[PDB]
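What follows is a single structure, written as structure tokens, with notes after it.
Here Cβ is always computed from backbone atoms with ideal geometry, including for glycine, and neighbour counts include all displayed protein chains. What follows draws every value from the coordinates through simple rules; no lab data is involved.
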Amino acid sequence: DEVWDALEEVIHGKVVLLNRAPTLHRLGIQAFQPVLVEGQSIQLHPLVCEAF
Amino acid sequence: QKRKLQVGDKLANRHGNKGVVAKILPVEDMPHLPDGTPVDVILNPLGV
Amino acid sequence: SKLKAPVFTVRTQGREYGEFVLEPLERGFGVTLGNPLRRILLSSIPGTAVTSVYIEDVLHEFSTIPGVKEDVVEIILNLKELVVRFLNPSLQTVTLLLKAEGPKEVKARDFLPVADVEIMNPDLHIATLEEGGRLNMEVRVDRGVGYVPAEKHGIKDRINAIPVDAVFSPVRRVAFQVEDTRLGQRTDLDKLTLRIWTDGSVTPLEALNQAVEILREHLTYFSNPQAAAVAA
Amino acid sequence: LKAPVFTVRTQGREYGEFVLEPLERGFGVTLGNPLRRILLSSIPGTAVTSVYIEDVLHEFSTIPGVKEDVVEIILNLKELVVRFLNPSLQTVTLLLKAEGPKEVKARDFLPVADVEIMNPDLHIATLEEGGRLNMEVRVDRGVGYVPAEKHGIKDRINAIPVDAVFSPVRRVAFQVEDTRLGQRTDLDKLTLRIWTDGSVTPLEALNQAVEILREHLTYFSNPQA
Amino acid sequence: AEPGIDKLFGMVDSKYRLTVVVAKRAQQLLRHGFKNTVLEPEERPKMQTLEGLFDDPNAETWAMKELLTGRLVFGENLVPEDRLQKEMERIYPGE
Amino acid sequence: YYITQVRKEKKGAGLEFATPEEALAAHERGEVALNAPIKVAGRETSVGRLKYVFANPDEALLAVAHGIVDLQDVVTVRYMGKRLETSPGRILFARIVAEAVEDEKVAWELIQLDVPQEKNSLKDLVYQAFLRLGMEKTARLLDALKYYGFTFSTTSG
Amino acid sequence: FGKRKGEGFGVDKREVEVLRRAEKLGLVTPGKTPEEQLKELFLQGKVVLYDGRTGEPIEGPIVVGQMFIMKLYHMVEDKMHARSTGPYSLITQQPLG
Amino acid sequence: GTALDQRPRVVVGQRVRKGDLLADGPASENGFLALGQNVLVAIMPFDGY
């Protein structure tokens, strides 16, 4: 568990970049603050299902 | 391996409703009929 | 699970607004508490409000008043904003008196003092008077709970009197979220945060505690069996 | 000031209607919903945790003499509902062993002291002639839903852990009906209905639930920062 | 979005300038120790199980924060590039 | 959209209040009878505007929380020194926005609550908010809208 | 429903409160017994539904039923990767695994 | 990848008719094409999920 807490510590306020297949304008890639979640897929904010 | 339905999986009806499983609700807090029988799945009407 | 005995933490500023956070809680318990706690807070909390009003020469609720800027309705509206507090159970009600004349700004403090009734709300603007501005009125304040319209309670003081919408419930609003917090390996864990807006009668925290008390109380009701069974 | 009439109905160990009336307007839901949601989840009970079969080494096997593949069997096994008569018992290993032309039912397990199989006519599996079936199942007491994946239980290294569905609650329905009682019409008469596998009784569970809820209200005890 | 970003685009002639400033600030913020900073006194960045972003999680956020004050100085060719690094390593230990 | 909406019904009889005062009280006897529904063309008002009048918005939606009034119904309500013929829904929307961005007075200015909400109205809002108020406040606004949108969405059924 | 009445149970105050909005919406026909209204509402495909988490009903009836739905070849095993560091091709030094 | 086992659907000492089924295919349910399940669906929006 403490390892996890350290990972969280590492993440802090860093961001990662997310890209979706056919990258047609620059909003084809955007950066987000990562958030650990249960499960096995990436979770996306619905508002920028427009851009990608 | 026995592969239960994890989130991220793909489900679709015969009429061509492609969708991803995106949330697994506990039985307790998902829409149920008058008699305590709950529904199993929840499709957006906006897909139609 | 047990040592996870949640942390009830609080941010309370003044007597009108409070944020109460309680985590971590087992899967989907945030709703299990938050939803029925709010149902209590908004209805079954015990308070006071204006229930009916008599104006000297005014007969209908719409009628405008000479010498008075504000129409009847806006005044009764200002009454619906009024918050008093009785000092012992025995005052079932109180018919409050306010008479004043000539160009003054009429505040709630202008209401003539009664022994056991405090006005938490002195500065409230009641109405503005003109030259030749006579006003005279009897405003009944009753004990009660929740919201009760003019229709449902219909209060008789004087035949010229007019019932008022009853804003008993000291709570102004409740709102709440249950967001995810994590605890090590486990992200799905439930973090309940809620917010309570009161008319100043009672602090948010007091409201809460009363409401939970009410809940526990109701839970004690499952203790007096009777027998039956059903079929046809 | 009301003091609600708590009328209790009961059918065997499975179904119980619990009526509370008359209640403050809109308290049918205020009570009969957190209790529903609690009853469904945090109620504890018993289920098959792991199985082991003589000649089977993994869940994807088939036994000779036996129609059902070992998956069909562990699925037929999850249906097993077993009362412990003594709340010291965290676990019990039941033994089945039968031969010949038979339809193995759940009753066909060897009796164990303080345990009650609730489900005697449960169709474990189907042996023909010279069909041999012999196994040890491990029932555990526990809470909520726990896959085999998570808990990974084996007494021996030919076991196969099985998914645990502990909650002995089948369904929970509240019902909120107008009772005009005396003076005012808009009162609620709340009667919630509970369905149980028999391991616990509706009543038992309802009371465990209320307790869980009250105890959870106790967490609003001391504020802080 | 991130703390007071409009105020930071207001601070510069080019959007990208801000990025360069912030980047370089976080860089020296790390390189020549972390006590490079102009603001620690009381209430600066923080994190949550002990409390210490008061030592060393995220450097560029520190940059944005400092920059949000008129404490730092940014400019095309303020100081000769060499005597800069000399002075930085000489004034602050922490290697 | 569901929340920012208004009904109409069966003014089967030309319920003209615009003139008659015998049309305030008596047209309401007719209302509490079997006749004139709570939101219908009484030209200058719908009975619903006569009947319920709110001082707070907080109050308005106390009332709404108690199932006296629906969000898509039409009442009179006192926001920012004006007696407004409005839906509780609309006033709430207005609040949602007004809350997301601290500055209530602008929040009022840049929204059109005299009509429902379709993607264009919203678009224009988000633009304007950006313009006048700025980036990260528009961010918060956006999430706020998304929240209430989703929540009201599901329950609206 | 036929069962519901004999079992000992008529309408939920919630059922009523959603039938309100139902006839106001034009789904049920006013003047009728809630029983017959619910029949109407049923035949149109929709029934009362309660939120799990609030126990309040959903302000508008909602169609439900049995749907045949399937699990496609696209599970999430074949799908989720995440590289830190590792091997690299010999001519071109871009990585592999 | 998919598993294609056959399951048996008949009993010891059961008579049978020509063309009647004896064991089910990979995705067959009592000799009907069984590609998925029948679930109880409600068709409404949900809190953005």
- Taking Rh as the Kirkwood radius computed over alpha-carbon pairs of the protein assembly as shown and applying Stokes-Einstein at 25 °C with viscosity 0.890 mPa s, one gets a diffusion coefficient in µm² s⁻¹ of 74 µm²/s
- Task: Please average, across the residues of F:146-155, the number of beta carbons from any other chain that are within 10 Å of each residue's own beta carbon, and give a whole number.
- Result: 5
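Please compute the net charge surrounding B:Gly36, taking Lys and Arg as +1 and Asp and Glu as -1 over other residues with Cβ under 9 Å from its Cβ.
+3
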- 3J(HN,Hα) from dihedral phi, the stretch C:162-178, Karplus parametrisation 6.51/-1.76/1.60, rounded to Hz, x for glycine, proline: 9, x, 10, 5, 9, 9, 5, 3, x, 5, 9, 7, 10, 8, 7, 10, 10
- For chain E, state the average projected area of the convex hull of the C-alpha atoms over all orientations, rounded to one decimal in nm². 7.0 nm²
- Quick one: which of F:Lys10/G:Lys32; C:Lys191/G:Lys79; C:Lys191/G:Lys46 span more than 24 angstrom between C-alpha atoms? C:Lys191/G:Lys79; C:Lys191/G:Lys46
- Note on the structure: Between B:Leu46 and C:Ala5, Cβ-based FRET efficiency (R0 35 Å, step 0.05) works out to 0.25
- Peptide A:8-14, shielding by other chains (average Cβ, 10 Å cutoff): 5
- Item | chain G: angle of helix G:34-43 to the longest principal axis, Cα-based, in degrees nearest 10 | 40 degrees
- To the nearest 10 degrees, the tilt of helix C:204-220 (Cα long axis) against the first principal axis of the alpha carbons of chain C is 60 degrees
- Check: C-alpha center the stretch C:134-202 vs C-alpha center the stretch D:133-185, spacing in Å is 40 Å
- For an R0 of 56 angstrom, estimate the FRET efficiency from the Cβ-Cβ distance between G:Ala82 and C:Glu213 and round to the nearest 0.05. 0.65
- Query: Quick one: which of D:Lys78/D:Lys154; C:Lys104/F:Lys105; D:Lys78/D:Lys150; F:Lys8/F:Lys51; D:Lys189/G:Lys3 span more than 18 angstrom between C-alpha atoms?
  - Reply: C:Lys104/F:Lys105; D:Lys189/G:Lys3
- Message: Report the rotationally averaged projected area of the stretch F:99-155 based on its alpha-carbon convex hull, in square nanometres.
- Response: 4.0 nm²
- Task: Of the listed pairs E:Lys24/E:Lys65; E:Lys15/E:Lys46; D:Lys67/D:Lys102, which have alpha-carbon separations greater than 20 Å here?
- Result: E:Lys15/E:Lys46
- Query: FRET efficiency for A:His45 and E:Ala23, Cβ-Cβ distance as r, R0 = 22 Å, nearest 0.05?
  - Reply: 0.25
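Arranged by the count of other C-beta atoms within 10 angstrom, fewest first, what order do D:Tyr145, G:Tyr88 take?
With the sparsest Cβ surroundings first, the list reads G:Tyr88, D:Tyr145.
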- Compute the whole-percent fraction of alpha carbon pairs in chain C spaced more than 21 Å apart. 64 percent
- How do C:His218, A:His45 rank when sorted from fewest to most other Cβ atoms within 10 Å of their own Cβ? A:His45, C:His218
- D:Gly45 neighbourhood, Cβ < 12 Å, K/R = +1, D/E = -1, net charge 0
- Query: For chain F, what D do you get in µm² per second when you plug the Kirkwood radius from alpha-carbon pairs into Stokes-Einstein at 37 °C and 0.692 mPa s?
  - Reply: 196 µm²/s
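For the protein assembly as shown, give the magnitude of the charge dipole about the Cα centre (Cβ charges: +1 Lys/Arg, -1 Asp/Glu; no others), in debye to the nearest 20.
1520 debye
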- In the stretch E:7-95, taking the dipole from +1 charges on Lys and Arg beta carbons and -1 charges on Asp and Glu beta carbons about the Cα centre, the listed residue (E:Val22, E:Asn58, E:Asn36) farthest towards the positive end is E:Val22
- Spin-label pair C:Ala175/A:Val37, simplified geometry with 7 Å Cα→Cβ offset, distance in nm: 2.4 nm
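In the neighborhood of C:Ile159, defined by Cβ-to-Cβ distances under 15 Å, what is the net charge if each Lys or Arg adds +1 and each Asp or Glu adds -1?
Cβ neighbours under 15 Å give a net charge of -2.
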- Hey, how many Å between the Cα centroid of the stretch F:120-144 and the Cα centroid of the stretch F:1-60? 35 Å
- Relative exposure of G:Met67, C:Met120, judged by other C-beta atoms within 10 Å (fewest first): C:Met120, G:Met67
- Considering chain G as a Gaussian network with a 10 Å cut-off on Cα pairs, which listed residue, G:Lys46, G:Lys13, G:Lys71, attains the greatest mean-square fluctuation? G:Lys71
- Note on the structure: Among G:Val76, G:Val48, G:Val18, the residue with the largest mean-square fluctuation in a Gaussian network model of chain G built from Cα contacts under 10 Å is G:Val76
- Whole-percent pair-distance distribution, where bins are 5 Å wide, for the alpha carbons of the stretch C:47-168: 2, 11, 23, 26, 21, 12, 5, 1, 0
- Message: Please compute one quarter of the surface area of the Cα convex hull for chain A and express it in square nanometres.
- Response: 4.4 nm²
- Message: On a straight-distance basis, which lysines could pair with F:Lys123 in a cross-link, Cα separation under 17 angstrom, same-chain partners fewer than 8 positions away excluded?
- Response: F:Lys137, F:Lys146
- More than 20 angstrom apart: percent of Cα pairs within the stretch G:26-97: 64 percent
